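A closer look at the structure
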Amino acid sequence: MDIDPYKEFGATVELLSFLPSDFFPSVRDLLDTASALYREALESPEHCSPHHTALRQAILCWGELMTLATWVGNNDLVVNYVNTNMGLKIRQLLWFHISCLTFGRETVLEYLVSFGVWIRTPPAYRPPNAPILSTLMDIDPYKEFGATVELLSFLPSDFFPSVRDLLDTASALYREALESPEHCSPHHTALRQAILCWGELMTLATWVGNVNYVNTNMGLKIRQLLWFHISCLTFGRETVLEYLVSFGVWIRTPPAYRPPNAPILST
Amino acid sequence: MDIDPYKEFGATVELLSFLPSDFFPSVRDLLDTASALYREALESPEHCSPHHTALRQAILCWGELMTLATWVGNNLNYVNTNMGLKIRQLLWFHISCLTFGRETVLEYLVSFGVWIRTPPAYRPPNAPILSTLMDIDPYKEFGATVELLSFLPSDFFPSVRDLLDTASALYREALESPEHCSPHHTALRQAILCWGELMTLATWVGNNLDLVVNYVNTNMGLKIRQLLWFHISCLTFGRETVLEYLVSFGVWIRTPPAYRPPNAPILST
Amino acid sequence: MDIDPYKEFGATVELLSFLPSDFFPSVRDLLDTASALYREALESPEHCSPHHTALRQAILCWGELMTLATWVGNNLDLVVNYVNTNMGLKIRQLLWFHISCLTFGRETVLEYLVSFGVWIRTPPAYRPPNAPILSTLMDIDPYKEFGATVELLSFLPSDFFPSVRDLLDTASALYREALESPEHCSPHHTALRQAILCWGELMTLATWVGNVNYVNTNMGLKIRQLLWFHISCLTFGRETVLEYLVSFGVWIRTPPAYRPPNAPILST
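Residues numbered from 1 in each chain as written, not as in the entry; some residues may be left out. Chains lettered and ligands numbered in written order. Part of a larger assembly, values for the part shown. Heavy atoms only, no water.

Method of determination, as annotated in the archive: cryo-EM, at 3.6 Å resolution.

Take a look at the structure:
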């Protein structure tokens, strides 16, 4: 399954390769621009726009890569690797969705065409001023979906399936829905990023070998985002919101006072 | 979470500390004031006001501090300085809401609060005093008693850390609301703050002279886990369902194991 | 109480950190712009815009700070570089904002601070060499728009106003959800956010000068009058305190053994 991270928004990954690599601002310069304008709209308990759901998973995915990169620095050079291969990818996702929130949807799509002809022409007949976008923070990933990360701390560590076992569930059930140019739900917008957040993390975990604590620290965090959004699409949206409450009272009761089988999720 | 126990009444905790610290009466003058006027109403099985639900837990939380302060003095002064000022304000504000109205005391904290602030030559000569001229049960207004909650086993109720974060994962945006959504919410806002100042005293004696945290969890931590489990379940499953759960589960643990249903009764949606 | 000067008008403090420090024109070149375009409206007794109420107090905040900087130059050159780095730069923003919001409208500045954000975030090999500058659409009485004058409040004696800490605690206890809110709700709240923040800069400078107890009898008294007048305008209404000020005038002007010994207290 090959998921284009911005295909629902009108762009492609190769149309956005019109811009050079060293055109996007730094992640320090992108996260502060996000928090200066959209702070109460990013910490909001509802999804105002499909860029807002896409930007929330992009900020949190950089939080995982920075937690992973400084981990292997303890156990100097990996920061030079992460800022060239996948740190550039987060800079594309942060730049695109910030400039979609500010300067509309179609204006930044017309900007990639208007930059696509500026960089293309020879330097003799090029204007000196490149085209630029003219006149018009700890977030919770489940916050617009109703649950919190505290509510999913009641589920034990072995309740979730494997991450390879969970990509196969989404790739079989919802493949032509996740690889579509539409959204069709705010869950598919959030689910498409968690595929690539794990996909752009496993290439770092493959490169760092040339030990595997990732499957209890970062992978357990991605097995929650995969399970919550698959079950939000399969067994309804609010049925899983009331299932976690019913699992909350089961896991809180001590042994010899609860039924021995955990409550399953169905219908 | 940070819960303000005046927030649903229109007042804030910094509007109450607008006044001087020594203005509020003693706990003995305030507890016998509420017993002289509302002992026939605080012991009643109805709410009749959201101030009565807040006042029943404010008296009971002071009884929990005066069962721990007697224990830490006996098994080796601080309460009246820190915890005593916070309990004198809850008794003063809730009595004066029931006696003089809720809106008059809110315009009294503003008017008297600027009266100290003005210089003593350009202010009115006298302070503008306000005049329009006991054993209680925390479940009795809800339907249960202490006896029905003790009918269930003592180690049935979960840990205190397991119950605080359930409220923070289900009703954090409703416990910190400026509106009392239910009398279960008003009785629950006091219980988080009662355990908050109960544990705050326990860390101070832990640094002063751990036996005390083993003592609190026996007879005070168990008493907190009762109404923390009770008010969370009554918000989730309804008050008319938890009362049947205590009856259903209470008979189930008493019957012999060969003639009971094989799994314990549990509440769910 | 952490009050914010721009949060009422739409922007924030950190959103104005998009622009660098050395972008704003000097305090000399900004006051020459204000007096050239808005002098018949800044000195007018009307409430013409909430930018005018914030600009009337921002000039007099600098007019009181420069007095303190001139005063410490005698009774000890090392303070001018301080008052141009921490203050100065903090008041160059508040003067640049309300002049440019009066001139080009308020919503154009908020789309300009974003548009200078994208010009400053891009690497220098791809941004244009031209900045995205915007070009398309004297003494001030601080009480005159509200009804009173300075000399009407000189009749109240120096031992009549409470201290600044007693008058700032009255603010955060009575009006804190209305001062910190992003709405105006009155011309008094807008004039009260600046008087609190101007005291934040005076006590900051007075601390570093002592690293000076005349501040609360030459400049703190002007803050004690401004904080008293706007708290009383919200507590008792505006007409009542203006009617009380003429009733203190006929009291404090009569000699002793002809006036009642009790001052005419504010009521209602």
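**Remarks on the overall build of chain A**
Applied cut-off: Helix and strand assignments follow DSSP, with helices taken as H or I runs no shorter than four residues and strands as E runs no shorter than two, numbered in order from the N terminus. A radius of gyration in this sense is built from C-alpha atoms; the matching globule rule multiplies 2.2 Å by the number of residues raised to 0.38.
Check the secondary structure of chain A and you find ten helices and zero strands. Moving toward the C terminus, one meets the helices and strands of chain A in the order α-α-α-α-α-α-α-α-α-α. Scaling as 2.2 N^0.38, a compact globule of 267 residues should have a C-alpha radius of gyration of about 18 Å, and chain A matches this with 21 Å. Taking the principal axes of the C-alpha coordinates as reference, chain A spans close to 80 × 40 × 35 Å.

**Quick word on the interface of chain B and chain A**
Convention followed: Residue contacts follow a heavy-atom distance rule, with two residues in contact if any of their heavy atoms lie within 4.5 Å. Summed over both partners, the accessible area lost on bringing two parts together, with a 1.4 Å probe, is the buried area. Whenever a nitrogen or oxygen atom comes within 3.5 Å of another N or O atom, the pair is scored as a polar contact, on the condition that within protein one atom can donate a hydrogen and the other can accept it, and that pairs from neighbouring residues in sequence are kept only if both atoms are in side chains. Each residue gets one label: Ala, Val, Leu, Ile, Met, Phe, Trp, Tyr, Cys and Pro are nonpolar, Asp, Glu, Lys and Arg are charged, and the others, such as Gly, are polar.
Taken together, the 20 residues of chain B in the interface contact 13 residues of chain A. When chain B packs against chain A, close to 1,500 Å² is buried across both sides, 68% of that on carbon and sulfur atoms. Counting across the interface, chain B meets chain A through two residue pairs in polar contact. Of all elements in the fold, only α7 (160-170) and α11 (221-237) of chain B reach the threshold of two or more residues within the side of chain B that touches chain A. Per element, the largest residue contribution to the side of chain B that touches chain A is seven residues, and it comes from α7(B). For the side of chain B that touches chain A, a count of residues per class yields eleven nonpolar, six polar and three charged.

**Quick word on the pattern of salt bridges**
Two side chains with opposite charge may pair up if their charged atoms get near one another. Our working definition: Whenever a carboxyl oxygen of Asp or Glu lies within 4 Å of a side-chain nitrogen of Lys or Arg, that contact is scored as a salt bridge. Only protein chains enter the area calculation, which uses a 1.4 Å probe; residues under 20% of their type maximum are buried, those over 50% are exposed, and those in between are partly exposed.
Taken as a whole, this structure holds 18 salt bridges over all chains when the rule is applied. Between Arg56(A) and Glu144(A) there is a salt bridge, and its shortest N-O distance comes to 2.9 Å. Residue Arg56(A) shares its accessibility class with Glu144(A), and that shared class is buried. Taking the shortest distance from any N to any O, the salt bridge between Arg189(B) and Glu8(B) comes out at 3.6 Å. With respect to class, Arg189(B) is no different from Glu8(B); both count as buried.

**Brief notes about the state of the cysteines**
Rules: The disulfide definition used here is simple: a pair of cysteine sulfur atoms within 2.5 Å.
Applying the stated rule across the entire model yields three disulfides over all chains. A disulfide bridge connects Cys61(A) with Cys197(A), and the sulfur atoms are separated by 2.0 Å. With the S-S bond torsion at 110 degrees, the cross-link from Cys61(A) to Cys197(A) turns out right-handed. Across the disulfide, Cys61(C) is cross-linked to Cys198(C) (sulfur-sulfur distance 2.0 Å). The S-S bond linking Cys61(C) to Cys198(C) shows a torsion near 105 degrees; that makes this disulfide right-handed. Each member of the pair, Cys61(C) together with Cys198(C), is buried. Considering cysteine sulfurs only, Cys233(C) is the nearest to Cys185(C), which forms no disulfide, with 15 Å between them. Given a relative accessible area of 57%, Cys185(C) falls into the exposed group.

**Some points on the packing of α7(B) against α11(B)**
All names here are of chain B. Selection criterion: Helix axes are fitted to C-alpha atoms over the stretch in contact, other axes to C-alpha atoms as well, and angles between N-to-C directions run from 0 to 180 degrees. Roughly parallel here means an angle under 35 degrees, roughly antiparallel means over 145, roughly perpendicular means 65 to 115, and every remaining angle is called oblique. By the definition used in this description, the sense in which the near helix is turned from the far one sets the handedness, with an anticlockwise turn below a right angle giving left-handed and a clockwise turn giving right-handed.
In contact at an axis separation of 10 Å, α7 and α11 are set at 30 degrees when each is read in the N-to-C sense. Relative to α11, the element α7 is oriented roughly parallel. Along this stretch, α7 crosses α11, giving a crossing that reads as left-handed. Across from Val 160, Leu 163, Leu 164, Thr 166 and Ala 167 in α7, the residues of α11 making contact are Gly 221, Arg 225, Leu 228, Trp 229 and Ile 232. Its residues assigned to classes, the contact of α7 with α11 shows seven nonpolar, two polar and one charged.

**A short note on the nonpolar core**
Put simply, the test is: Joining through side-chain atoms within 4.5 Å is the link that ties buried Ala, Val, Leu, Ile, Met, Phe, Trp, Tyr and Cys residues into a set, and such a set is a nonpolar core.
With 85 residues, the main nonpolar core has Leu94(A), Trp95(A), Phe96(A) and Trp227(A) as its most contacted residues. By residue number, the principal contributor to this core is helix α4 (residues 87-102) of chain A, which donates nine residues. Sequence-distant contacts of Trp227(A), that is, excluding residues within four places in its chain, are made with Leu155(A), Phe159(A), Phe160(A), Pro161(A), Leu166(A), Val240(A), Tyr243(A), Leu244(A) and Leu265(A). Of all hydrophobic cores here, the second largest spans 84 residues; its members include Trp115(B), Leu163(B), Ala187(B) and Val212(B).

**Things to note about the layout of surface pockets**
The condition is simple: Here a cavity denotes a set of grid points, spaced 1 Å apart and computed over the protein atoms alone, in which a 1.4 Å probe fits but from which it cannot get out, and a pocket denotes an open set meeting protein on both sides within 12 Å along at least five of seven lines; residues with an atom within 4 Å of a point are reported as lining. Grid points are joined across faces, edges and corners, and a volume is the space filled by probe spheres set on the points.
There is about 620 Å³ of room inside the largest pocket. Lining the largest pocket are 28 residues, with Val114(B), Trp115(B), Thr118(B), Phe236(C) and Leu266(C) positioned closest to its centre. Those elements that provide at least two residues to the lining of the largest pocket are α5 (102-117) of chain B together with α6 (164-174), α9 (220-235) and α10 (238-252) of chain C. Ranked by the residues each element gives to the lining of the largest pocket, the list is headed by α5(B), at five residues. Residue classes in the lining of the largest pocket are distributed as 20 nonpolar, six polar and two charged.

**Topic: the interface of chain C and chain A**
The interface is formed by 14 residues belonging to chain C together with 20 residues belonging to chain A. Overall, the association of chain C and chain A removes approximately 1,500 Å² of surface from exposure, summing both partners, and the carbon and sulfur fraction of that is 70%. On the chain C side of the interface with chain A, the three residues burying the most area are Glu111(C), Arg121(C) and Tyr126(C), jointly 41% of the side's total. If you look at where chain C meets chain A, you find one salt bridge. Between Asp29(A) and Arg121(C) there is a salt bridge; the shortest N-O distance is 3.6 Å. The interface formed by chain C and chain A includes two residue pairs in polar contact. For the side of chain C that touches chain A, the residue count by class is nine nonpolar, three polar and two charged.

**Section: helix α4 (residues 79-100) of chain B**
Think of an α-helix as 3.6 residues a turn; residues three or four steps apart then line up on the same face. All names here are of chain B. Test applied: In this analysis, the expected span of each helix is defined as 1.5 Å times one less than the number of residues it contains. Bend angle per residue: angle between axes fitted to the 7 residues ending at that residue and the 7 residues starting there.
When the terminal C-alpha atoms of α4 are compared, their 29 Å separation across 22 residues agrees well with the 32 Å that a helix rising 1.5 Å per residue should span. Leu 85 marks the point of greatest bend in α4, at about 35 degrees. The first or second residue beyond α4 is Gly 101, which carries a positive phi of 90 degrees.

**Digging into the side chain of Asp141(C)**
Residues and elements named next belong to chain C. Keep this limit in mind: When charges are tallied, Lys and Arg are placed among the positive residues and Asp and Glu among the negative ones, while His and the ends of the chain are skipped.
Mapping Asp 141 onto the fold places it in the loop between α5 (106-121) and α6. Here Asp 141 occupies a buried position and makes no salt bridge, while the nearest side chain of opposite charge, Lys 144, is found at 5.1 Å. There is a polar contact of 3.4 Å between the side chain of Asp 141 and the backbone nitrogen of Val 150. Apart from the residues lying within four places of it in its own chain, the contact partners of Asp 141 are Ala 148, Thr 149 and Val 150.

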